[PDB]
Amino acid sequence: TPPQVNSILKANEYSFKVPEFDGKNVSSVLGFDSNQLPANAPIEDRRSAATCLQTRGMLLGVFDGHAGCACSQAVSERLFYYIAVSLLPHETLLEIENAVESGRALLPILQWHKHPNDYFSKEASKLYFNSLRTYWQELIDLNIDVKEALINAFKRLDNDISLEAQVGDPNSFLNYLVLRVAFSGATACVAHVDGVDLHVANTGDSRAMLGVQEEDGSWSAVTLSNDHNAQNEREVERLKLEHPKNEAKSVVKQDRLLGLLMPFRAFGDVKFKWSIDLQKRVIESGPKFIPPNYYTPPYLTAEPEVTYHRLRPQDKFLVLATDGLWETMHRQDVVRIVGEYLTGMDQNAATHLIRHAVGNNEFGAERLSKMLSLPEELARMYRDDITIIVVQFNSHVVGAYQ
């Protein structure tokens, strides 16, 4: 039914609006819309959005999980904390560690903007907090480039995931959870926006795209991330020269890392990072396939490619999305749809994008009822998990920067 279509499409619909100060719109970001449509019964995509409280920037992110949702969920809830901590000066690190030790009031780090369906891990909260505390203690003892902060946050979260999987936990559920997190994988495409400065750290084949309105009113897509997959020449060459000459033919086979992985960068997936001996010892330690040509590991990295963009008055919005969207529509179509929607040319841009992606026959927003009527088993035969965040910028505030 049409109203059933609306009920299913709007189930995960979410919107946030940056509050006005003194009755005026003062942020470079007006707000954002986000939505998810699953293809797998337990959806393996994740979305996240928060505002830094000790620093000013806002973080938004999409994460495409595979081999389960454990790693996508973990990254969804931890990466922003790692980034925030990496962005803090020594003064705030000291204050946080002192409040932790002396048991005083904890300084707040992030204000999350999460749909009710989105959740944190209750059972792992203490483990995650302990790991992040170790991280910021190391940062203290080691005593502000945003690009390098993002890179180091990504790398440290991945390394902590590996170490936690190795360490286990006395609680059986926690012990199996750390292993599930390390053994599954997740992409991560994250935007950090501080006034007019926009950084995009990308790890995998999710994508961020800027919508730019030209002087004539037409719309144009500007890429802010490079899909890390077989179609990326620089990525294939990077993989090639990261290993000896004998492996130039096997590092990428059938457009896959070692003939297996579609994304060439991701969190978790320790099967492509750990040594054969470490994998064997961990598998036999408690609660199995070694990739082919696994000679000089690691082969996979979570380290992101970081792009920087100074927002301009013509930069109207930014679309973060998993490949569940980008595989369905051309970039130009995505940005044209979103721009026409936001210019009043559905009360949620991401929901409208989903409506187009699923119910499309040369852009006719029909088969939507048929596609949304399919159960878990057949849904993944026609579509992938779809996750979208549309951030709308405040062009007046952006132009105020000059």
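The first residue of the shown sequence is 1; numbering continues from there.
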query	finding
Continuity check for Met345 and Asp346, given as deposited residues lacking coordinates between them	10 or more
Deposited-sequence gap flanked by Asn143 and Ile144	4 to 9
Of 239 to 247 and 265 to 273, the one with larger mean CA B-factor	239 to 247
Between 354 to 362 and 28 to 36 (mean CA B-factor, as deposited), the higher	354 to 362
Of the residues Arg207, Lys122, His228, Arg234, the one carrying the largest Cα B-factor as recorded	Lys122
Out of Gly211, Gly259, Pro116, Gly185, residue topping the C-alpha B-factor column of the entry	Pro116
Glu327 - Cα temperature factor, lowest/middle/highest third of chain	middle
Chain third (lowest, middle, highest) by recorded CA B-factor, residue given as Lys288	highest
Ranked C-alpha temperature factor of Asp158 among modelled chain residues, by third	lowest
Third assignment of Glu164 from its chain's C-alpha B-factors	middle
Third of the chain's Cα B-factor distribution that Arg133 belongs to, per the entry	middle
